[PDB]
Amino acid sequence: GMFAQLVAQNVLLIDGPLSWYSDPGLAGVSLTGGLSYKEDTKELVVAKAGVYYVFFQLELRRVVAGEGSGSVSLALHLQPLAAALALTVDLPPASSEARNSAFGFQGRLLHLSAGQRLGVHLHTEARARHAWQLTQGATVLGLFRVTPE
Amino acid sequence: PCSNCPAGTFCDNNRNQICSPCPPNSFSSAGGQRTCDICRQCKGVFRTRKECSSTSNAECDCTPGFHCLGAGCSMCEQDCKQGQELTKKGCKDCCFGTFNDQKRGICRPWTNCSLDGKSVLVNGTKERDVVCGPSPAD
Ligand SMILES: *[C@@H]1O[C@H](CO)[C@@H](O)[C@H](O)[C@H]1NC(C)=O
């Protein structure tokens with residue numbers, strides 16, 4: 088069939104594109120025929136055009152007690168064609184109650200071209216850029232086909 | 032069938048069920064796992080204690096000047112200030128009747144002037160200790 092799932096390689100919060108684990112045999116990643124991950128520009132390629140369901144996952148944990156706040160935004164940019172997918176996760180400030188976790192999910196049908204490159208750019212505006220990191224293995228860019236073949 | 036291969040390896044259901052070494056960053060600690068789990072990266076406040084090995088997962092300490100908080104070092108709390116004692120999941124503010132002056136110091140009871148025959152010139156707080164002295168004898 089046609090589908091894929093990639094786990095984000097990044098951990099800290101830094102602007103710019105995200106690296107991914109494309110190797111089957113890793114915990115939650117799946118890569119089938121017709122889809123390859125380019126380790127140079129960090130963008131996976133869809134060979135066969137069609138309509139695909141692309142879903143988005145962002146989970147963050149607070150690694151420093153008492154600090155951190157603001158928003159962490161994620162965007163899926165289509166290379167050969169401004170933001171096809173948008174997910175903005177908010178980080179709670181340190182309070183009497185303990186909120187150490189933040190999560191968001193985004194998905195919708197997308198029409199992809201032949202050889203369309205897909206990549207995810209992370210842009211976070213926060214008070215303390217540290218004290219908040221990506222949960223390892225919990226950030227995922229998935230894809231699976233809809234259009235029949 | 033895929034069960035006979037030991038820790039540090041998996042079997043892919045592609046490549047016909049054979050057992051293969053783990054990908055460059057990954058680990059398998061038990062049995063017949065179908066996948067090598069991702070190694071924990073220690074970055075930011077975290078320092079790597081045990082490096083990533085195929086048999087054992089990585090362990091993270093925190094940065095000098097910090098300390099671990101939580102089960103698996105989920106958080107990092109800054110080393111508490113004066114008048115504070117680490118409560119093992121949280122830092123209390125000293126305790127009522129005790130004092131600590133130090134970065135890492137443990138909150139300890141005040142000095143007792145009744146046992147020294149003197150009286151309190153300055154009562155104690157969380158940050159500082161009672162200093163004894165003679166009573167208002169003049
Ligand atoms: C010092 O402070 C404690 C805390 O309130 C109080 O109970 C105690 O009476 C004070 N010392 C004296 C001599 O009053």
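Top line first, the protein sequences correspond to chains R and H.
Note that our numbering has the first sequence beginning at 88, numbered continuously upward.
Note that our numbering has the second sequence beginning at 32, numbered continuously upward.
Just so it is clear, CB atoms sit at the ideal spot from N, CA and C, and this is done for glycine as well.
Do you know offhand how far residue i's Cα is from residue j's?
| i | j | result |
| --- | --- | --- |
| H/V76 | R/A218 | 8 Å |
| R/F142 | R/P167 | 20 Å |
| H/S51 | H/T118 | 46 Å |
| R/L93 | R/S123 | 11 Å |
| H/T156 | R/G194 | 56 Å |
| H/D43 | R/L205 | 27 Å |
| R/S160 | H/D132 | 43 Å |
| H/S166 | H/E158 | 23 Å |
| H/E90 | H/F97 | 16 Å |
| R/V138 | R/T234 | 5 Å |
| H/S145 | H/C138 | 21 Å |
| R/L105 | R/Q96 | 7 Å |
| H/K134 | H/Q64 | 46 Å |
| H/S87 | H/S59 | 7 Å |
| R/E184 | R/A170 | 35 Å |
| H/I49 | R/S117 | 18 Å |
| R/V207 | R/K125 | 13 Å |
| H/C67 | H/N47 | 17 Å |
Hey, residue i and residue j: beta-carbon distance below 7 Å or not?
| i | j | result |
| --- | --- | --- |
| R/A91 | R/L230 | yes |
| R/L163 | R/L145 | no |
| R/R216 | R/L131 | no |
| R/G121 | R/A213 | no |
| H/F130 | R/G112 | no |
| H/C99 | R/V150 | no |
| R/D102 | R/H198 | no |
| H/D160 | H/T142 | yes |
| H/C111 | H/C122 | yes |
| R/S182 | R/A136 | no |
| R/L221 | R/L147 | yes |
Quick one: using the 10 Å Cβ neighbour count with 16 as the cut-off for buried, is residue i buried or exposed?
| i | result |
| --- | --- |
| H/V153 | exposed |
| H/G128 | exposed |
| R/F192 | exposed |
| R/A189 | buried |
| H/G114 | buried |
| H/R71 | buried |
| R/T226 | buried |
| H/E116 | buried |
| H/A168 | exposed |
| R/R232 | buried |
| H/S34 | exposed |
| H/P95 | exposed |
| H/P54 | buried |
| H/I69 | buried |
| R/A134 | exposed |
| H/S85 | buried |
| R/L196 | exposed |
What does the shell around ligand 1 hold, if a residue joins when its beta-carbon is under 6 Å from any heavy atom?
-> Listed by chain position, these are H/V151 and H/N154.
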